[PDB]
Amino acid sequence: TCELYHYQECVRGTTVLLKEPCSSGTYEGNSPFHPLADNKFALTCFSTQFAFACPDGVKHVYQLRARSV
C-alpha cells in the first residue's frame, strides 16, 4: 500500500514511453528524467530501476528488463 512495484520488458534499442504515476511527484533514477506531454516520460530501454515518491504517500518502484530481440 505504501509501495507499488511495476515491471516491464523492452527491446534494448527502443525508447519506452510511460505515464507518470503521479502529477507532481519526485523522481529518482539512474537515467535523467525526460518529461513529456500528457504527463508522460521517456527513457532509452536499458535494464534499470527507478522510483517515484508521490504526494499520496505511495512509492512506485519501476523495473525495466532490456531484451536482445
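Don't overthink the numbering: it's just position in the shown sequence, from 1.
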**Prompt:** Which of the two stretches, 45 to 53 or 11 to 19, shows the higher mean Cα temperature factor in the record?
**Reply:** 11 to 19
**Request:** Taking the chain's C-alpha temperature factors as the reference, tell me which third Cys2 falls into: lowest, middle or highest.
**Result:** highest
**Fill in**
The third of the chain into which the C-alpha temperature factor of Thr26 falls is the lowest
**Asked** Sorting the chain's CA B-factors, does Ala66 end up in the lowest, middle or highest third?
**Response** middle
